[PDB]
Amino acid sequence: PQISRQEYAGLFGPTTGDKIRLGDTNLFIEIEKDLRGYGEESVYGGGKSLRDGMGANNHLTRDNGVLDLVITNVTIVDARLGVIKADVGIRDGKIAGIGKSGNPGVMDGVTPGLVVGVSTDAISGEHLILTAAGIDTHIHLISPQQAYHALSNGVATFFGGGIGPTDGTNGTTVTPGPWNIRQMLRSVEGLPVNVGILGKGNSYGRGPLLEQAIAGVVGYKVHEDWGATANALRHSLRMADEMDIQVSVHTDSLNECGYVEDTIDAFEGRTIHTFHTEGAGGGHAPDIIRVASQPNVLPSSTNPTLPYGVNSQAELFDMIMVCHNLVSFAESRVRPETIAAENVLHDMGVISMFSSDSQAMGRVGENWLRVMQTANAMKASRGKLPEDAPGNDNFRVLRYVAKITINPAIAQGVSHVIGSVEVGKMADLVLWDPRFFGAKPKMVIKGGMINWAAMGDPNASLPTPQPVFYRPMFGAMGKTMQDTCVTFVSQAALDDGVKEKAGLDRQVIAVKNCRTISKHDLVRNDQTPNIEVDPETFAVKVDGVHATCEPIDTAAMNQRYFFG
Amino acid sequence: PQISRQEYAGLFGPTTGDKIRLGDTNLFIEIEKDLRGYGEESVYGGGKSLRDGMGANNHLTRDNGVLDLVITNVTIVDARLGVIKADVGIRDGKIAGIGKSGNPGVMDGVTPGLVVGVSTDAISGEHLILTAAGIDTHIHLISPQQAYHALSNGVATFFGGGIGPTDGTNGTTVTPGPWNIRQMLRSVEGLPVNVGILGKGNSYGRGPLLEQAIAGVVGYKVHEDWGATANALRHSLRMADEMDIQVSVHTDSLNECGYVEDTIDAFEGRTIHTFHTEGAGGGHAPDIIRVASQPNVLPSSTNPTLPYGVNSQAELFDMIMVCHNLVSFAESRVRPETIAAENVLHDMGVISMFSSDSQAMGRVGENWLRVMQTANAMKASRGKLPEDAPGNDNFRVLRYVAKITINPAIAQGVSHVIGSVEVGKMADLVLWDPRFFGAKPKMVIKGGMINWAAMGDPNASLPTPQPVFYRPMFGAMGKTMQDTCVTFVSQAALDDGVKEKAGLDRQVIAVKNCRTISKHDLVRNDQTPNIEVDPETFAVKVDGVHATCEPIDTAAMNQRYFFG
Amino acid sequence: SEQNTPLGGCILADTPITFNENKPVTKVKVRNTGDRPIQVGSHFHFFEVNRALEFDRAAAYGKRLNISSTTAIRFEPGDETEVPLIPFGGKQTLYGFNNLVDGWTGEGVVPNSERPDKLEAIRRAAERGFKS
Amino acid sequence: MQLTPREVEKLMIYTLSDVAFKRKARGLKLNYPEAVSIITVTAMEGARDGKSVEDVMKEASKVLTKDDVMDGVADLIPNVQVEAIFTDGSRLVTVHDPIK
Amino acid sequence: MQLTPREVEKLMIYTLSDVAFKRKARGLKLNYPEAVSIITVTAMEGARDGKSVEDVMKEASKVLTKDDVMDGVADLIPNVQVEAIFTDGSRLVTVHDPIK
Amino acid sequence: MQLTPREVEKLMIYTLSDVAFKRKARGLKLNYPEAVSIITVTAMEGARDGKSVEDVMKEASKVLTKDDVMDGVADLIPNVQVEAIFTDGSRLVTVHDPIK
Ligand code: NI
Ligand code: NI
Ligand code: NI
Ligand code: NI
């Protein structure tokens, strides 16, 4: 038979050629591909297709590869797969398939591995967007409660450091030494997010670095506050290459031991992650932004400058002046010209990642929000990216998504296990209502279980009655919370028995592929142009073109959606 | 000497012949028996009887059978013991005795096993009612927080299924497959209630059923949503009989593969638990209620139809129409005639259990409330049950109590360990103030420790100062929460080492006696009459007598007591 | 357009969706002979529907309703409706339902004869009470 | 007062609606949370006042207009659901398309 | 503001009594939680106002009558206790038979 | 309403400031928590009202005086900080020496 699109959509959601508005933004995504045929559509319910002997197989044991979970008729927004409509399948807390789910007994075209059976539960994705969960590379471990704010914006992995609210943690992403690291590994067992910890890089010999490596860190953080010296850099990077771990940097803002060019030379063409690349959050003043030209630099921005708004200068000024309990350090630190420039460079694919800088100038619960907010402000100011397709904003959206998903993963050497909706990966997933995209998710799926969700009255006759607020779920409960969460570590540590030694019940996974990567390995954000900054007026030129845009008055996904 | 009743009561509470009003209801209970003599009354306090060498033994070590806890001068409302006044004693998280407590050195008539000593703590039951904790057989594992709402109405055992807020869980009490089961077993370790999990019954061979059995389920749930076929039934029940586990059913509402009579024949005289037996919550329309005539059927109702009120039709209509995102399915699903009938049949002892259907049309924190509300509406409409005694409502009350206590237990094969205040049973107990009976308990005693309680300002100079709200206690803390909580499983699973394999710290107890039971084994609710439903007007006849009552305007234990 | 779409809204293309196009269609006449409503879904094995439905049962062997996935057809008491039927796909292996087949429902290889397991099925329907 | 989890949870509603009612009275156009608050409490208060589910439903579907809300909020609130405590007990109230 | 657990807990009281005072002013007869709220806050506010324990006690034992409450609520509230912060410190206030 | 941890947390502020504003209107001199509440909500409400960070800052630095507070409270409140939701997003507002 023949059915109208409108009727089809109502049953099954949007198909190839259909367009979806991402909130109250002016971004419109379009479905590129529909992997789940027509006429044999898998839906859970009374009188529906995923019933016994019909869409569901009723004779196969689980060891035949029957699924543990299926997400049906869902729109996948992923930086590597693009914008597709598919069934998604989970087995052993891993993504087994993307395609057409059902029962091959009674159905043509069931994707191998997507057999629904006796073992299978179901999620109805018809009117939903599925993303990879975000990854926040710049976490200060000041407060355990950050995790909750994060899960509530669709972030489920933390990279950083600290030891609670010490003055060192308030300023840097460091967990200093074998004792503090051990302690912190043990603590995070109580958190419903994945974690990897960073160590203190400012050391003269190998000894003090190696010690922390074996203790379990995934990285070394080089910070001004503890000394952002050439020495620090050099030894940190040399060790890193030895240990297959990452190095992150917060450069010398004062220009004490050098200018940016000297820092660059301290990198010695070695892979490095550069936090708040613009400089409002720290770095060689006015011109740390020039590191975004280099192939060995994996650049990030912290989220308080994105998007650039009318209140942005006022805020930042006042913030530093309290951050550093303080004026010529101030107005040199806080530059309208470079902030605008950061925005543009993002849109170009020259700054490759978003981050929070949690409770050290940024907002742990706003990375997915701000990303979307930025994409939309930038469409307005610049129009369509050249690579956009005329009818849709896919190219753009997808650039931005890479920023909080696959790119962070790649940077910290965990793209093998997390960061994209792809076969063989850990199911660290987020479900969204389009109406709420970026802002307010439906749920978080954390190791194949729902860990976090928007839930109303537990006494009510439905799950939807008011008050609806974010709450832990069963994946967040008991021994499952550890079972479903990863503690990232060094291979050195893994090999030394960190899991036993530290007594960790978390999944313990070795970071890998941190040192052979470059800017060009980054997804949709692989551009290395010439960047020039004017030491007087702080004006930024990118391949000779002035890089600016005007501040926004009104943000999307903002006062409409939030009481906060 | 001689003392007035009124003076006696004030000291010791009510004795044989004294009558107690259960809230703001018109139900009056009467003490049948007083087991704790006169003149040697055991009370805790300064200058009182349970002092060293007097009422308390001071020379016996614990291995002489001295108690760990004593509840004194308490009124026991239990479906097997009736309405008695006694001392209650706990040892090794078990009920050791019901009788007269004290010191046999200095006292006549101390019940063996009720020696109070150096080991003993005390609870003053003088002005209190003691019940068995309720058991909720129809739990959807949508939200972990349900447990708190439950404990707060005197429920401490959950039977059901799910995997958090998936569409399958939102509709059914299923934890599908061995992976999901394992996960869920592990999760519930974090909950302060007893649990047994249900599996997915809709399978063609033995394989897929056996799987889940060994993985640890206590039952199989047959649901329309996954297929409520004859096939499903048949194979589920055959396996059940093999595994000594239970089968619960939510029948085909659409009459797709059959009518009720065909379902009945699919049961094949085999023991079965029938959820929402009336049909508002699901089932063969209009007439699923006829299953309550059969000796092999152990019938239950979900709690939103009990009691029948003036707003009941409006509510239910609208609820389905959203439950199923929807009118001739609606007005056939929602039948005033059968809802009234459900109410009557309850009062007759023809529907044997109350249940919630938690966040899938019923209210997890209202089972004890609604039970009492129903008893009282029914007294009003019908008067005294024929078996009532003229001065009191004991027969009635006790029928109702069986519904949330012993009957659920029997149905799921756990009456050996829980469901009644009887010697040798797990101390899963609730304490109530008569003034608040059914509604707002004082405390919950969970494995011999207080796990949950109404507690005011922890900073205050007493436990009673405002705000008073329900709070976890020490039994709900640490490693004790697992020690004091049971995870019910299959014998198959137990024997296969589920406890080791799954790594459970809970008490792990095999369900037993599920398959040899019938309706007549049920306590105070053992009636199998002829039930007829009119396919036009939906009118119900029970042994030829029209089964109806009129809706209530005003519920007892309701707006007086609750802000909710 | 884009200027008019609500928050989270969809802009749908025009082209209708065509489903089940290849599949051969059998029309059967269905009367509900019971007193209660019967409703049947898209993927149910029509052969094995509620005993009270009277139709050419032989014709529904290996068949489903040629309607939209997830939808259903309602057969009210004492009414007659014509329904389109289509074969199941995949392996044409049907287990469960009312335990009438518990196997292969395909045609097999011989045009202008019936497989004997089909005739068995059909006979068994008849004496289990499934109205034809 | 022996407050149960259901009782405590409902305090959030009361607090957000008080803020919301103050804002609406200043002429502010309401957002999503705020608007949901006002509809929810309207129902709840009706229940307490002794009305029927039917009657409260009407009442709540009429408290807010398109004008009173920020553009688009309607699209965010197709229905509102709350459990309230009626004379005959706790009951679910669905309020259909409340922002007309 | 460095709010301690005792400080935070007291916000529940303030929220329920605001609701309760609104209801009483509509002529609604109060329930148990609501009534307990009003007596509690009366004390608390007295404390803050600088009164004696003795004086607040009187005040709180007089705020609600039998008429102002739902039949039976009295039986549910024999006494109310709260800790309040008096000029000389935190002190327990018992209010004896407040619904006369 | 899908309330996030940040949204829920802010209800505490609203509840304490309502109490605080009632007290100030009785002529009570405010304490530390109360005073911090009033400054915080002033900012927050400004944000919502559509003002600039600059403008709200002024507003909040002027709501309370030395007279309106208990002796010494000033010394306890050198600055107040809150994150509010401005038209352009969430922003930190520092309010310098608010009790003048
Ligand atoms: Ni930094
Ligand atoms: Ni930082
Ligand atoms: Ni059901
Ligand atoms: Ni159910």
# chains A, B, ... in the order shown; residues from 1 in each chain; ligands from 1
$ calpha_fit_and_write --fixed "chain F" --moving "chain D" --output "PDB file with C-alpha atoms, in the first residue's frame"
ATOM      1  CA  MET D   1       9.620  20.697  33.653  1.00  0.00           C
ATOM      2  CA  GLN D   2      12.792  18.718  33.491  1.00  0.00           C
ATOM      3  CA  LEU D   3      14.641  20.396  36.310  1.00  0.00           C
ATOM      4  CA  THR D   4      18.324  20.107  36.402  1.00  0.00           C
ATOM      5  CA  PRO D   5      20.411  20.243  39.575  1.00  0.00           C
ATOM      6  CA  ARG D   6      21.187  23.986  38.967  1.00  0.00           C
ATOM      7  CA  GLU D   7      17.475  24.781  38.703  1.00  0.00           C
ATOM      8  CA  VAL D   8      16.501  22.877  41.785  1.00  0.00           C
ATOM      9  CA  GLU D   9      19.344  24.506  43.862  1.00  0.00           C
ATOM     10  CA  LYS D  10      18.037  27.905  43.090  1.00  0.00           C
ATOM     11  CA  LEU D  11      14.730  27.167  44.818  1.00  0.00           C
ATOM     12  CA  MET D  12      16.617  27.441  48.205  1.00  0.00           C
ATOM     13  CA  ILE D  13      17.415  31.108  47.315  1.00  0.00           C
ATOM     14  CA  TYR D  14      13.845  31.969  46.520  1.00  0.00           C
ATOM     15  CA  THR D  15      12.538  30.452  49.756  1.00  0.00           C
ATOM     16  CA  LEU D  16      15.113  32.097  52.098  1.00  0.00           C
ATOM     17  CA  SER D  17      14.525  35.646  50.323  1.00  0.00           C
ATOM     18  CA  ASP D  18      10.863  35.406  50.671  1.00  0.00           C
ATOM     19  CA  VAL D  19      11.293  34.893  54.405  1.00  0.00           C
ATOM     20  CA  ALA D  20      13.917  37.670  54.415  1.00  0.00           C
ATOM     21  CA  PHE D  21      11.766  40.175  52.612  1.00  0.00           C
ATOM     22  CA  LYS D  22       8.901  39.511  55.059  1.00  0.00           C
ATOM     23  CA  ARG D  23      11.233  40.117  58.001  1.00  0.00           C
ATOM     24  CA  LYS D  24      12.660  43.348  56.616  1.00  0.00           C
ATOM     25  CA  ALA D  25       9.135  44.625  56.105  1.00  0.00           C
ATOM     26  CA  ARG D  26       8.366  43.998  59.853  1.00  0.00           C
ATOM     27  CA  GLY D  27      11.357  46.116  60.645  1.00  0.00           C
ATOM     28  CA  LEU D  28      13.673  43.326  61.551  1.00  0.00           C
ATOM     29  CA  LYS D  29      17.344  43.862  61.038  1.00  0.00           C
ATOM     30  CA  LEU D  30      18.715  41.064  58.942  1.00  0.00           C
ATOM     31  CA  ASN D  31      21.332  38.564  59.520  1.00  0.00           C
ATOM     32  CA  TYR D  32      23.930  37.131  57.274  1.00  0.00           C
ATOM     33  CA  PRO D  33      21.994  34.395  55.405  1.00  0.00           C
ATOM     34  CA  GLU D  34      18.962  36.578  55.004  1.00  0.00           C
ATOM     35  CA  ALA D  35      20.947  39.529  53.619  1.00  0.00           C
ATOM     36  CA  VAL D  36      22.926  37.394  51.213  1.00  0.00           C
ATOM     37  CA  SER D  37      19.528  35.997  50.031  1.00  0.00           C
ATOM     38  CA  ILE D  38      18.072  39.390  49.185  1.00  0.00           C
ATOM     39  CA  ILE D  39      21.130  40.561  47.235  1.00  0.00           C
ATOM     40  CA  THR D  40      21.301  37.240  45.379  1.00  0.00           C
ATOM     41  CA  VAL D  41      17.668  37.246  44.287  1.00  0.00           C
ATOM     42  CA  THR D  42      17.834  40.877  43.239  1.00  0.00           C
ATOM     43  CA  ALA D  43      20.497  39.943  40.720  1.00  0.00           C
ATOM     44  CA  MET D  44      18.744  36.795  39.642  1.00  0.00           C
ATOM     45  CA  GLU D  45      15.524  38.626  39.080  1.00  0.00           C
ATOM     46  CA  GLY D  46      17.238  41.335  37.104  1.00  0.00           C
ATOM     47  CA  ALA D  47      18.780  38.779  34.817  1.00  0.00           C
ATOM     48  CA  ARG D  48      15.295  37.374  34.191  1.00  0.00           C
ATOM     49  CA  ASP D  49      13.896  40.843  33.657  1.00  0.00           C
ATOM     50  CA  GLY D  50      16.480  41.273  30.785  1.00  0.00           C
ATOM     51  CA  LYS D  51      19.063  43.612  32.262  1.00  0.00           C
ATOM     52  CA  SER D  52      22.743  43.619  31.757  1.00  0.00           C
ATOM     53  CA  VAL D  53      25.269  42.237  34.234  1.00  0.00           C
ATOM     54  CA  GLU D  54      26.448  45.810  34.729  1.00  0.00           C
ATOM     55  CA  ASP D  55      22.993  47.062  35.484  1.00  0.00           C
ATOM     56  CA  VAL D  56      21.988  44.227  37.820  1.00  0.00           C
ATOM     57  CA  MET D  57      25.226  44.711  39.752  1.00  0.00           C
ATOM     58  CA  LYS D  58      24.356  48.293  40.529  1.00  0.00           C
ATOM     59  CA  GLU D  59      20.818  47.321  41.490  1.00  0.00           C
ATOM     60  CA  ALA D  60      22.018  44.610  43.911  1.00  0.00           C
ATOM     61  CA  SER D  61      24.745  46.765  45.469  1.00  0.00           C
ATOM     62  CA  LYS D  62      21.901  49.167  46.466  1.00  0.00           C
ATOM     63  CA  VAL D  63      19.097  46.998  47.918  1.00  0.00           C
ATOM     64  CA  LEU D  64      20.495  46.775  51.457  1.00  0.00           C
ATOM     65  CA  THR D  65      22.000  49.363  53.788  1.00  0.00           C
ATOM     66  CA  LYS D  66      23.892  49.361  57.037  1.00  0.00           C
ATOM     67  CA  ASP D  67      20.679  50.273  58.803  1.00  0.00           C
ATOM     68  CA  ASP D  68      18.833  47.276  57.360  1.00  0.00           C
ATOM     69  CA  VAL D  69      21.289  44.797  58.739  1.00  0.00           C
ATOM     70  CA  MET D  70      22.450  43.680  62.062  1.00  0.00           C
ATOM     71  CA  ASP D  71      25.689  45.247  63.271  1.00  0.00           C
ATOM     72  CA  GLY D  72      28.637  43.548  61.818  1.00  0.00           C
ATOM     73  CA  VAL D  73      26.939  41.746  58.926  1.00  0.00           C
ATOM     74  CA  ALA D  74      28.714  43.945  56.455  1.00  0.00           C
ATOM     75  CA  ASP D  75      32.029  42.468  57.665  1.00  0.00           C
ATOM     76  CA  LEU D  76      30.547  39.038  56.824  1.00  0.00           C
ATOM     77  CA  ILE D  77      29.519  40.030  53.284  1.00  0.00           C
ATOM     78  CA  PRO D  78      32.369  41.700  51.554  1.00  0.00           C
ATOM     79  CA  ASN D  79      31.123  40.431  48.192  1.00  0.00           C
ATOM     80  CA  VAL D  80      28.224  38.313  46.944  1.00  0.00           C
ATOM     81  CA  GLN D  81      28.448  36.062  43.919  1.00  0.00           C
ATOM     82  CA  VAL D  82      25.705  34.340  41.877  1.00  0.00           C
ATOM     83  CA  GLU D  83      25.211  32.861  38.478  1.00  0.00           C
ATOM     84  CA  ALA D  84      22.173  34.033  36.786  1.00  0.00           C
ATOM     85  CA  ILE D  85      20.606  33.367  33.445  1.00  0.00           C
ATOM     86  CA  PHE D  86      20.795  36.410  31.300  1.00  0.00           C
ATOM     87  CA  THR D  87      19.426  36.761  27.793  1.00  0.00           C
ATOM     88  CA  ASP D  88      22.839  35.775  26.454  1.00  0.00           C
ATOM     89  CA  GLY D  89      23.297  32.997  28.897  1.00  0.00           C
ATOM     90  CA  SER D  90      24.488  32.108  32.259  1.00  0.00           C
ATOM     91  CA  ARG D  91      26.811  34.685  33.724  1.00  0.00           C
ATOM     92  CA  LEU D  92      28.596  35.375  36.974  1.00  0.00           C
ATOM     93  CA  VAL D  93      27.586  38.439  38.828  1.00  0.00           C
ATOM     94  CA  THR D  94      29.840  39.737  41.557  1.00  0.00           C
ATOM     95  CA  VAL D  95      28.387  42.406  43.665  1.00  0.00           C
ATOM     96  CA  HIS D  96      31.178  44.377  45.452  1.00  0.00           C
ATOM     97  CA  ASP D  97      30.641  45.664  49.077  1.00  0.00           C
ATOM     98  CA  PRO D  98      26.815  45.398  48.817  1.00  0.00           C
ATOM     99  CA  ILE D  99      26.041  46.745  52.353  1.00  0.00           C
ATOM    100  CA  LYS D 100      27.077  50.354  52.288  1.00  0.00           C
TER     101      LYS D 100
END
$ closest_atom_pairs --of "chain C" --to "chain D" --cutoff "9 Å" --atoms "only C-alpha atoms" --output "tab-separated table"
residue	atom	partner	partner_atom	distance
C:6	CA	D:75	CA	6.4
C:7	CA	D:75	CA	6.1
C:8	CA	D:75	CA	8.2
C:9	CA	D:75	CA	8.9
$ write_last_selection --atoms "C-alpha atoms" --output "PDB file, in the first residue's frame"
ATOM      1  CA  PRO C   6       7.465  24.897  15.860  1.00  0.00           C
ATOM      2  CA  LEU C   7      10.266  24.193  18.376  1.00  0.00           C
ATOM      3  CA  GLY C   8      11.562  20.686  17.528  1.00  0.00           C
ATOM      4  CA  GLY C   9       9.385  20.473  14.540  1.00  0.00           C
TER       5      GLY C   9
END
$ residues_near_ligand --ligand "ligand 1" --cutoff "12 Å" --atoms "only C-alpha atoms and all ligand atoms" --output "number ranges by chain"
A: 137-140, 160-161, 168-174, 221-226, 228, 248-253, 273-284, 300-303, 355-362
$ closest_atom_pairs --of "chain C" --to "chain B" --cutoff "10 Å" --atoms "only C-alpha atoms" --output "Markdown table"
| residue | atom | partner | partner_atom | distance |
| --- | --- | --- | --- | --- |
| C:34 | CA | B:259 | CA | 9.4 |
| C:35 | CA | B:535 | CA | 6.5 |
| C:36 | CA | B:535 | CA | 6.5 |
| C:37 | CA | B:255 | CA | 7.0 |
| C:38 | CA | B:255 | CA | 5.0 |
| C:39 | CA | B:254 | CA | 5.1 |
| C:40 | CA | B:256 | CA | 5.1 |
| C:41 | CA | B:256 | CA | 7.8 |
| C:44 | CA | B:256 | CA | 8.4 |
| C:45 | CA | B:257 | CA | 9.4 |
| C:46 | CA | B:257 | CA | 9.3 |
| C:47 | CA | B:257 | CA | 9.9 |
| C:48 | CA | B:257 | CA | 6.7 |
| C:49 | CA | B:257 | CA | 4.7 |
| C:50 | CA | B:258 | CA | 4.3 |
| C:51 | CA | B:258 | CA | 6.7 |
| C:52 | CA | B:258 | CA | 8.0 |
| C:53 | CA | B:258 | CA | 9.7 |
| C:72 | CA | B:254 | CA | 9.9 |
| C:74 | CA | B:254 | CA | 8.7 |
| C:75 | CA | B:256 | CA | 9.9 |
| C:76 | CA | B:328 | CA | 10.0 |
| C:95 | CA | B:204 | CA | 6.4 |
| C:96 | CA | B:231 | CA | 4.9 |
| C:97 | CA | B:229 | CA | 5.5 |
| C:98 | CA | B:230 | CA | 5.4 |
| C:99 | CA | B:231 | CA | 6.2 |
| C:100 | CA | B:231 | CA | 9.9 |
| C:102 | CA | B:204 | CA | 8.8 |
$ closest_atom_pairs --of "chain A" --to "chain F" --cutoff "8 Å" --atoms "only C-alpha atoms" --output "JSON lines"
{"residue": "A:148", "atom": "CA", "partner": "F:5", "partner_atom": "CA", "distance": 6.9}
{"residue": "A:149", "atom": "CA", "partner": "F:5", "partner_atom": "CA", "distance": 5.7}
{"residue": "A:152", "atom": "CA", "partner": "F:4", "partner_atom": "CA", "distance": 6.0}
{"residue": "A:309", "atom": "CA", "partner": "F:88", "partner_atom": "CA", "distance": 5.8}
{"residue": "A:310", "atom": "CA", "partner": "F:88", "partner_atom": "CA", "distance": 7.3}
{"residue": "A:311", "atom": "CA", "partner": "F:53", "partner_atom": "CA", "distance": 6.0}
{"residue": "A:312", "atom": "CA", "partner": "F:91", "partner_atom": "CA", "distance": 8.0}
{"residue": "A:314", "atom": "CA", "partner": "F:54", "partner_atom": "CA", "distance": 6.7}
{"residue": "A:315", "atom": "CA", "partner": "F:92", "partner_atom": "CA", "distance": 6.1}
{"residue": "A:318", "atom": "CA", "partner": "F:94", "partner_atom": "CA", "distance": 6.9}
{"residue": "A:319", "atom": "CA", "partner": "F:92", "partner_atom": "CA", "distance": 7.3}
{"residue": "A:440", "atom": "CA", "partner": "F:2", "partner_atom": "CA", "distance": 6.9}
{"residue": "A:454", "atom": "CA", "partner": "F:2", "partner_atom": "CA", "distance": 5.9}
{"residue": "A:455", "atom": "CA", "partner": "F:2", "partner_atom": "CA", "distance": 7.9}
{"residue": "A:466", "atom": "CA", "partner": "F:1", "partner_atom": "CA", "distance": 7.6}
{"residue": "A:467", "atom": "CA", "partner": "F:1", "partner_atom": "CA", "distance": 7.0}
{"residue": "A:468", "atom": "CA", "partner": "F:2", "partner_atom": "CA", "distance": 5.1}
{"residue": "A:469", "atom": "CA", "partner": "F:3", "partner_atom": "CA", "distance": 4.3}
{"residue": "A:470", "atom": "CA", "partner": "F:4", "partner_atom": "CA", "distance": 5.8}
{"residue": "A:552", "atom": "CA", "partner": "F:88", "partner_atom": "CA", "distance": 6.6}
{"residue": "A:553", "atom": "CA", "partner": "F:88", "partner_atom": "CA", "distance": 5.6}
{"residue": "A:554", "atom": "CA", "partner": "F:88", "partner_atom": "CA", "distance": 4.9}
{"residue": "A:555", "atom": "CA", "partner": "F:88", "partner_atom": "CA", "distance": 4.6}
{"residue": "A:558", "atom": "CA", "partner": "F:89", "partner_atom": "CA", "distance": 6.2}
{"residue": "A:559", "atom": "CA", "partner": "F:87", "partner_atom": "CA", "distance": 6.4}
{"residue": "A:562", "atom": "CA", "partner": "F:7", "partner_atom": "CA", "distance": 7.2}
{"residue": "A:563", "atom": "CA", "partner": "F:7", "partner_atom": "CA", "distance": 5.6}
{"residue": "A:564", "atom": "CA", "partner": "F:7", "partner_atom": "CA", "distance": 3.9}
$ decode --residues "stretch 353-362 of chain A" --atoms "N, CA, C and O atoms" --output "PDB file, in the first residue's frame"
ATOM      1  N   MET A 353      37.767  21.468  20.118  1.00  0.00           N
ATOM      2  CA  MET A 353      37.090  21.087  21.347  1.00  0.00           C
ATOM      3  C   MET A 353      36.634  22.165  22.294  1.00  0.00           C
ATOM      4  O   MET A 353      37.241  23.207  22.480  1.00  0.00           O
ATOM      5  N   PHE A 354      35.470  21.924  22.840  1.00  0.00           N
ATOM      6  CA  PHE A 354      34.840  22.569  23.903  1.00  0.00           C
ATOM      7  C   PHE A 354      35.172  21.809  25.201  1.00  0.00           C
ATOM      8  O   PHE A 354      35.408  20.634  25.190  1.00  0.00           O
ATOM      9  N   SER A 355      35.139  22.501  26.298  1.00  0.00           N
ATOM     10  CA  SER A 355      35.475  22.132  27.672  1.00  0.00           C
ATOM     11  C   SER A 355      34.938  23.133  28.645  1.00  0.00           C
ATOM     12  O   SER A 355      34.543  24.212  28.272  1.00  0.00           O
ATOM     13  N   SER A 356      35.000  22.635  29.970  1.00  0.00           N
ATOM     14  CA  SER A 356      34.338  23.447  30.973  1.00  0.00           C
ATOM     15  C   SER A 356      35.340  24.173  31.833  1.00  0.00           C
ATOM     16  O   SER A 356      34.966  25.130  31.951  1.00  0.00           O
ATOM     17  N   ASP A 357      36.246  23.724  32.312  1.00  0.00           N
ATOM     18  CA  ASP A 357      37.039  24.431  33.307  1.00  0.00           C
ATOM     19  C   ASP A 357      36.269  24.531  34.653  1.00  0.00           C
ATOM     20  O   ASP A 357      36.266  25.553  35.292  1.00  0.00           O
ATOM     21  N   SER A 358      35.545  23.477  35.003  1.00  0.00           N
ATOM     22  CA  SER A 358      34.504  23.409  36.036  1.00  0.00           C
ATOM     23  C   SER A 358      34.893  24.091  37.310  1.00  0.00           C
ATOM     24  O   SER A 358      35.865  23.728  37.880  1.00  0.00           O
ATOM     25  N   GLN A 359      34.127  25.087  37.695  1.00  0.00           N
ATOM     26  CA  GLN A 359      34.260  25.896  38.914  1.00  0.00           C
ATOM     27  C   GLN A 359      35.624  26.531  39.117  1.00  0.00           C
ATOM     28  O   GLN A 359      36.023  26.825  40.211  1.00  0.00           O
ATOM     29  N   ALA A 360      36.279  26.717  38.003  1.00  0.00           N
ATOM     30  CA  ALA A 360      37.475  27.463  37.674  1.00  0.00           C
ATOM     31  C   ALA A 360      37.357  28.181  36.305  1.00  0.00           C
ATOM     32  O   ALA A 360      38.051  27.970  35.397  1.00  0.00           O
ATOM     33  N   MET A 361      36.375  28.980  36.215  1.00  0.00           N
ATOM     34  CA  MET A 361      35.808  29.880  35.245  1.00  0.00           C
ATOM     35  C   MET A 361      34.756  29.377  34.231  1.00  0.00           C
ATOM     36  O   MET A 361      34.088  30.220  33.606  1.00  0.00           O
ATOM     37  N   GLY A 362      34.566  28.086  34.125  1.00  0.00           N
ATOM     38  CA  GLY A 362      33.500  27.570  33.252  1.00  0.00           C
ATOM     39  C   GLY A 362      32.431  26.735  33.954  1.00  0.00           C
ATOM     40  O   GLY A 362      32.529  26.590  35.091  1.00  0.00           O
TER      41      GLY A 362
END
